[PDB]
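Listing of coords39.tsv; format and content: TSV, C-alpha atoms.
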```
chain	number	residue	atom	x	y	z
A	5	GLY	CA	-1.35	25.72	-1.95
A	6	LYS	CA	0.19	22.35	-2.51
A	7	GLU	CA	3.25	21.21	-0.57
A	8	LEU	CA	5.96	19.39	-2.60
A	9	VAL	CA	9.37	18.16	-1.55
A	10	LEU	CA	12.38	16.91	-3.50
A	11	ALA	CA	14.02	13.62	-2.57
A	12	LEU	CA	17.74	14.37	-1.96
A	13	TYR	CA	18.63	10.65	-1.55
A	14	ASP	CA	17.25	7.23	-2.18
A	15	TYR	CA	15.53	5.81	0.88
A	16	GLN	CA	14.23	2.23	1.23
A	17	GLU	CA	11.39	1.67	3.67
A	18	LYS	CA	12.43	-0.34	6.75
A	19	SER	CA	9.13	-0.35	8.68
A	20	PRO	CA	5.42	-0.82	7.83
A	21	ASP	CA	4.78	2.94	8.29
A	22	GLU	CA	7.68	4.04	6.00
A	23	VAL	CA	7.75	4.50	2.24
A	24	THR	CA	10.44	4.17	-0.42
A	25	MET	CA	11.70	7.04	-2.57
A	26	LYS	CA	14.30	7.56	-5.23
A	27	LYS	CA	16.62	10.56	-5.43
A	28	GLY	CA	14.99	13.22	-7.66
A	29	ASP	CA	11.43	12.14	-6.88
A	30	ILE	CA	8.90	14.87	-6.28
A	31	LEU	CA	6.82	13.92	-3.25
A	32	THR	CA	3.66	15.35	-1.80
A	33	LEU	CA	4.28	16.39	1.85
A	34	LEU	CA	1.47	15.13	4.12
A	35	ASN	CA	2.76	15.83	7.64
A	36	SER	CA	5.91	17.65	8.78
A	37	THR	CA	5.07	18.05	12.48
A	38	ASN	CA	7.93	15.72	13.52
A	39	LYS	CA	11.43	17.20	13.05
A	40	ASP	CA	13.05	13.83	12.12
A	41	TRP	CA	10.42	11.93	10.06
A	42	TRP	CA	8.02	13.46	7.51
A	43	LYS	CA	4.97	11.73	6.08
A	44	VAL	CA	5.00	11.91	2.29
A	45	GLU	CA	3.15	10.47	-0.72
A	46	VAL	CA	5.22	8.80	-3.44
A	47	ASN	CA	2.46	8.06	-6.00
A	48	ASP	CA	0.12	5.66	-4.81
A	49	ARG	CA	1.93	5.05	-1.48
A	50	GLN	CA	2.22	7.06	1.72
A	51	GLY	CA	4.55	6.82	4.66
A	52	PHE	CA	7.42	8.31	6.61
A	53	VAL	CA	10.90	9.16	5.31
A	54	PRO	CA	13.74	11.00	7.07
A	55	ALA	CA	13.03	14.75	7.04
A	56	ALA	CA	16.70	15.55	6.27
A	57	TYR	CA	16.47	13.54	3.04
A	58	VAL	CA	13.87	15.76	1.38
A	59	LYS	CA	13.75	19.48	0.62
A	60	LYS	CA	10.70	21.70	0.52
A	61	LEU	CA	10.16	23.23	-2.92
A	62	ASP	CA	7.32	25.60	-1.92
```

Take the structure I supplied and represent it as structure tokens, if you would.
Amino acid sequence: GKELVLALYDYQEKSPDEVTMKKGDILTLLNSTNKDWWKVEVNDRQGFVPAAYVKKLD
């Protein structure tokens, strides 16, 4: 019942509520209620990244 997404691109956080990811990272999806920005967990950090830059795996 987990929810994982694949990072399709690098993304560097540009705001306090964003988080950085590297292409190929496997992120835990926390909140996908917004169509443009998804909240994800990238290890010990959480924050928003662009929804289009990740892909649901499950």

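Between CA of residue 40 (chain A) and CA of residue 56 (chain A) the interatomic distance comes to 7.1 Å.
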
Which is closer to residue 32 (chain A) than all the others in A:48, A:7, A:62, A:17, using only C-alpha atoms?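 For residue 32 (chain A), the nearest of the candidates is A:7.
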
When distances are computed from only C-alpha atoms, which of A:35, A:44, A:57, A:23 shows the smallest separation from residue 11 (chain A)?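 Checking each of A:35, A:44, A:57, A:23 against residue 11 (chain A), counting only C-alpha atoms, the winner is A:57.
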
Nearby residues, (11.8, 6.4, -0.5) file frame, 7 Å, all atoms listed in the file, as a PDB file with C-alpha atoms, keeping the file's coordinate frame:
```
ATOM      1  CA  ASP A  14      17.250   7.230  -2.180  1.00  0.00           C
ATOM      2  CA  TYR A  15      15.530   5.810   0.880  1.00  0.00           C
ATOM      3  CA  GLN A  16      14.230   2.230   1.230  1.00  0.00           C
ATOM      4  CA  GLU A  17      11.390   1.670   3.670  1.00  0.00           C
ATOM      5  CA  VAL A  23       7.750   4.500   2.240  1.00  0.00           C
ATOM      6  CA  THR A  24      10.440   4.170  -0.420  1.00  0.00           C
ATOM      7  CA  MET A  25      11.700   7.040  -2.570  1.00  0.00           C
ATOM      8  CA  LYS A  26      14.300   7.560  -5.230  1.00  0.00           C
ATOM      9  CA  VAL A  53      10.900   9.160   5.310  1.00  0.00           C
TER      10      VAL A  53
END
```

Just how far from CA of residue 19 (chain A) is CA of residue 60 (chain A), in Å to one decimal?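 Result for CA of residue 60 (chain A) versus CA of residue 19 (chain A): 23.6 Å, one decimal.
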
What is the CA of residue 52 (chain A)-CA of residue 21 (chain A) distance in Å, reported with one decimal? 6.2 Å

Would you please work out which residue, of A:47, A:42, A:5, A:59, is nearest to residue 22 (chain A) when using only C-alpha atoms?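 Result for the nearest residue to residue 22 (chain A): A:42.
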
For residue 6 (chain A), which residue out of A:50, A:37, A:61, A:55 is the nearest one, using all atoms listed in the file?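 Ranking A:50, A:37, A:61, A:55 by distance to residue 6 (chain A), first place goes to A:61.
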
For residue 31 (chain A), find every residue with an atom within 6 Å (counting all atoms listed in the file), except residues of its own chain fewer than 3 positions away, and show them as a list in words.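 Contacts, in chain order: residues 8, 9, 45 and 46 of chain A.
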
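Minimum distance to residue 12 (chain A) across A:51, A:38, A:58, A:43 (counting all atoms listed in the file) occurs at A:58.
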